[PDB]
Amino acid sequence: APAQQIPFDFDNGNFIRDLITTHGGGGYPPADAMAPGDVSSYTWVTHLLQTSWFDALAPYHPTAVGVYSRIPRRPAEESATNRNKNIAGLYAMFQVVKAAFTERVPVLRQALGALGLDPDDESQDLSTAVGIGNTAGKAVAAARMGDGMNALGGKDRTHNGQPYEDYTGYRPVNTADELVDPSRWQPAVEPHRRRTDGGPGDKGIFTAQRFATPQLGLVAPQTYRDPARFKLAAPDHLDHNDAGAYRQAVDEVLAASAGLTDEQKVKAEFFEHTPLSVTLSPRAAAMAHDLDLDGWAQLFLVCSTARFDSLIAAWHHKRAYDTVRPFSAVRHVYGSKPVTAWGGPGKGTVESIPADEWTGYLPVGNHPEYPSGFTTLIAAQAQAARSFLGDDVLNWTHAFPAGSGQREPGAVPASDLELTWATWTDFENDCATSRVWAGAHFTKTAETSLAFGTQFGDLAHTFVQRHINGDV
């Protein structure tokens, strides 16, 4: 309803917990223009969003300073309640949304109006919460909208630019029709409605994949400068000239496909679903650790910084190694010969699906295979939360009603399902293995990605502590 108001206690509430990250604890969130499996654009925009929270609250802190702005500190009385911090954080992310997520502006404008806040207030009075928030959010957008991500589309061109357009000149050595180098990434052919549950798009249209925002590997990281300094071993397990090792890596993917259970299917979908598994695991960790509003903003910043910097490094190596995905390797080893694996929707495991008709449980991501973006990112986020919160406790239970699976709706899971992760360690280990259940990654890739991501959580923790303490 146009006049409906949102109940929220500005004085004692927590806008991150009570407004932004609220959910019923079951199923998947509503869909919008950001596809849940598109981790690169998701991680980039979410970092702008969640950093604006921290920068908006920093002047209300006794010592903290912002990442992208330095706003003169407020008297302590302005933090006696959470009202100013709540207002400032909301306006800061509103500025980021207006700059980087214009699709969300109408819903956010309506939510702000329902909270009693003027959605057209562009004041930048630095003694007011709205002015601090607007200033902090604008500073994040001003520093990042023109970064290497090309989020506005103007990089290296003057006409007809499109947001997130690749300006780096990446070209695969394989086409979707011909596997010239079986060690190298090959674009998949996918229906235009390309999400796990179909999703938005055009009926009867097919496309060939393009490397998703390869320029991500070039954007300025938050805690370091050059992602090449984080060395990653070569993916020797996928050298097609070592036919025995290549075939073993393929057979492990097919065996994972053949062994799929309801729980593995749901976990495959869960860990690829960025607005749920990635965004809301810090919420679960925060709920288990009794953090105040400042602690939530700090935890989310440390997690987002870890995701941001680890994914840049993962994307750098994705392009440098440019590694083949499982579906191409399955076809390379077996051609049209039948294999034992998932037969497709409603089919369960079958003994004789032709290898060139096999597909992973989830639609394969549109970028090279090595390393795993999700696994690197979650390992970084798990380490960041570990370091900030002081322990490994996560205690996240999420419910999946019968038939709520997106790949096989109405059939998977066969009955109501509750998944629980007591620790980040359980969480990140499930993420890595679920990438193999999804058919998106080889076992060794997921294992190496787990080890590769952890270090970025430590860098993120140091970075956020430096800003909490005032950056002197």
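Just count from 1 along the sequence shown to find any residue number.
Looking at 425 to 433 and 22 to 30 together, the entry lists the larger mean B-factor for 22 to 30, computed on C-alpha atoms. Look at the mean CA B-factor for 330 to 338 and for 131 to 139 in the entry; the higher one is 330 to 338. The PDB entry assigns its highest CA temperature factor, among 404, 40, 63, 52, to 404. The top Cα temperature factor in the record, among 419, 58, 45, 440, falls on 419.
For residue 448, the recorded CA B-factor ranks within the middle third of the chain. Only modelled residues enter the ranking. When the CA B factors of the chain's modelled residues are split into thirds, the value for residue 183 lands in the middle one. In the deposited entry, the Cα temperature factor of residue 367 places it in the lowest third of its chain's modelled residues.
Residue-level temperature factors show residue 67 in the lowest third of its chain, judged at the C-alpha atom. For residue 227, the recorded CA B-factor ranks within the middle third of the chain. Only modelled residues enter the ranking.
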